[PDB]
Each structure stands twice: as C-alpha cells, then as structure tokens.
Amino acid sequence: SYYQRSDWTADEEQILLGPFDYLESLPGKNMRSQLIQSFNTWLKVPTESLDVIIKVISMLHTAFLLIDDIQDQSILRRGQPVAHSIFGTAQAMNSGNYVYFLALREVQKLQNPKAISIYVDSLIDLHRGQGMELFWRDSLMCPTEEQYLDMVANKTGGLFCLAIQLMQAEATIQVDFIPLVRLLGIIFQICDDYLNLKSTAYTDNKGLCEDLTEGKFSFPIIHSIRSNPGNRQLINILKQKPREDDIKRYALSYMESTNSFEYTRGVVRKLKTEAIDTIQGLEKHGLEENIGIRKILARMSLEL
C-alpha cells in the first residue's frame, strides 16, 4: 500500500493542546470546582465519578474561554495574553473545538447514558446563549433585561447546570437542584458584568471596561441604555468598540449618571435573597445544612 496510517503521537497531541495548555497554566479563581464541592455536600457523588465531572467542567470552561476570547476579540485573559495572541486565532479555535470533544470522550467514562443526553442538551444551550449575545451585539440592538437573563441562563448557567446535572445523574436522590444552580449562574454573570466595569482587579485581568471594547450588551449597560433612549451616546460607544480609555472612562461616567450600578447591585441583592430562600427550602425538606454553598454565594457577591 502507498499510504500507511500512523498512530497519533504525544508530540502531536502536545501541538493540538498548545493553546489549551497555555490557558490551564494561567492561574484562575477555580469557582466552578468550588461550586461542585458545595453541591456534593448534598449529592454525595463518589470520588471516582466526581473527579470525572470536575475534569469535564474544567475542560469545557477553558475551551469556551479560548473561543470567547476569539469571538469577543479580547486582549487579556487572567491578566495575561489571550491564547490566540500567541497561537493565532485558527489554532486556538481548533484547540478549543477539539477539547469540546475530548470532554465528550471523558463524559463517556461515566458509562451513564443519561450523562450523554445531558452533555448534548448543555452544549446546545451554551451555543444558544452565545448565539443570542452575538446577535444583539452585531445588530446593535439592545435587548430587554428579560431577554438578557434568558441568554445568560443558557450561556453562563449552561455550564453550571451541566456540572450539577451530571452529578444528579450520578446520584440517586430525587431532588431538582437545577433551578437553584441556574439562579447561581445568573447571579455570577450579573456580578461579573458589574465587576468588568468597576473592579480594579478586573481592570488588571481584562483591561479597563473591556465589555465596552467588545460591544457587549451587559447588564448595567442595558439598563443605562434603556433608562434614557433619547441619549444614544452609550449605545454608540458600544458600536465603536473603543480600545481607548478616554472613551471608556466617559462611558463608565455616563453609566454612573444613570444610576446603573445601584440598579445592578439592587438586582443582585434581590437574586441573592431568592437563592438563600431556595437553599433554605431544600434544607427544610430533608437536606442537611450546607455552609459551603452559602460561602460560594457570599464570595461571588462581594461587590469589589
């Protein structure tokens, strides 16, 4: 035969994972692993299966970061260069897409037929989330706050619900944790939306107000645009995707003038009270007190 097929070699797998391994080497906050641990106080998935779920979620998380940074044309991730500024958008996009299916091969180790439908439903929902966010961005059409939370429940909540739904599939308890964890993702994203524009530590890790450079209809941005349609300064700044900080400082100033950050803080307050009440609900009906998930809720809301 003229063609003799060769085995896949570690050296080649080291190329394919180049961009992905670069990100995993950048130190991150590891909040999804602490989310899983919190919920395991209740679901008590054994260590063998839990370690597989933690691998799958951490894998997909990094893969999405590779691809969001490309799609969102970001400069910094975790204070350091975005992977594609080193490896180029093409290899980084491929490396992330590759990992998606490496994680699918991992979920398969659970030998749990429900876990597969869960992964497929989840990846469908994640892509539906980024699909709507990109739609609004590129059409310069500000969504309603309700539309935004639907999108976030798919895009950010979608990974949280995968993690917990895989755990539910690996446990016999018949209690539905998904509503709680979806709420936690929404809070997490709204908090992330606020910190992008207000935290000094987020300026260090992504740059000043990078959501403005990216053109994102984020939560406080939506509220400031919609609080006065007569003024089109902010939505036009979004259209310009400004890299300059003079424009970003002006936008962040305009957004304070529309009380958009008290608004967001107040919404996060109301959602935290729902989450605490949901948690207390689960515990009234058979579940032991869960300090860890109360701390994960406190940690994500400190409005730095």
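All residue numbers refer to positions in the sequence shown, first residue = 1.
Higher average CA B factor: 22-30, of the stretches 47-55 and 22-30. The PDB entry reports B-factors from which the mean C-alpha value can be compared for 11-19 and 279-287; the larger average falls on 279-287. The residue among 267, 35, 237, 66 whose C-alpha atom has the highest B-factor in the PDB entry is 35. When the C-alpha B-factors of 191, 175, 90, 164 are read from the PDB record, the largest value belongs to 175. Among the modelled residues of its chain, residue 271 has a C-alpha B-factor that falls in the highest third according to the deposited record. Remark: residue 169 belongs to the middle third of its chain, ranked by C-alpha B-factor as recorded. In the PDB entry, residue 103 places in the lowest third of its chain by CA B-factor. Annotation for residue 202: C-alpha temperature factor in the highest third relative to the rest of the modelled chain, per the entry. Annotation for residue 62: C-alpha temperature factor in the lowest third relative to the rest of the modelled chain, per the entry.
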